[PDB]
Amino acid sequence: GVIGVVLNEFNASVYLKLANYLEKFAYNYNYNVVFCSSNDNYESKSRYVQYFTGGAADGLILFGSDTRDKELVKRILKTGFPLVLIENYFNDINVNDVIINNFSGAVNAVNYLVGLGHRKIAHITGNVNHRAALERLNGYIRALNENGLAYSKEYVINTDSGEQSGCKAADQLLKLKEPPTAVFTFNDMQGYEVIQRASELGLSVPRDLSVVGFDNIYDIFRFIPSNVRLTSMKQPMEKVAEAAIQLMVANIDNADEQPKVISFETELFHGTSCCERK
């Protein structure tokens, strides 16, 4: 049997670990896994979906929640072709989806910093128009309140999550009359950029500033060019892969199976970017 996976492109994201895990679990169910890259060209993505639904595969797996793919996913769902999505937050559809609890991940990150004695905790957001980023910001806000901390507009830097977003965000935060003793970043890329800008301003990390990120990106590269390894929320990529294969196999053995949504919690990786405060 063959399960097909279409990606927008090959890149060093957390999905690289997900890809290897799909092969591990598919092999356990005696299935082959085949991947295609669309080179971020939606025409090609549609071409690869047709290749798979046309007979090259028994099932298709897609990643993310990009609005441009709304029509395409709906198009695939009109058919009964087995489909499993990963981290998808489309409102109007009923489809097999394996998601991550981004909200509780942000809550646990802030709880962890509060447990270390931090009371001035900032957040550098992702693109809030995307559900994952909105959930991480909402989790941060809920955790401030649950821990009896005040919310401050100056401690939240809204970004589009692009490259250098961490540098400028850390610059605004550290130039405040009263700087966060700790920052929770939407992702590890921003976290590392925060550490870089801080050191440029003469601040030392974790001593002058504690940082907690998201994705545990060091695990992908196996090294980071920075003086510390980020404390970060780890995505359950192995559990996500197992669940996705299981949903697909079941969906393949019977077309009368209804769309199941399975959610998994993130786990905190303890790095060297955090320090206890008096």
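Residue numbers here begin at 1 and follow the sequence given.
- The mean Cα B-factor in the deposited entry runs higher for 73 to 81 than for the other of 102 to 110 and 73 to 81.
- In this entry, 248 to 256 shows the higher mean Cα temperature factor of the pair 44 to 52 and 248 to 256.
- Sorting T159, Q172, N187, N147 by the CA temperature factor given in the entry leaves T159 at the top.
- Going by the entry's values, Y29 shows the largest Cα B-factor out of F214, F35, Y218, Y29.
- When the modelled residues of the chain are ordered by their C-alpha B factor, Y15 lands in the lowest third.
- Per the deposited record, the Cα B-factor of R68 falls in the highest third when ranked against the other modelled residues of its chain.
- Among the modelled residues of its chain, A241 has a C-alpha B-factor that falls in the middle third, as given in the PDB entry.
- Among all modelled residues in its chain, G271 ranks in the lowest third by Cα B-factor.
- Ranked against the other modelled residues of its chain, the C-alpha B-factor of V6 as given in the entry falls in the lowest third.
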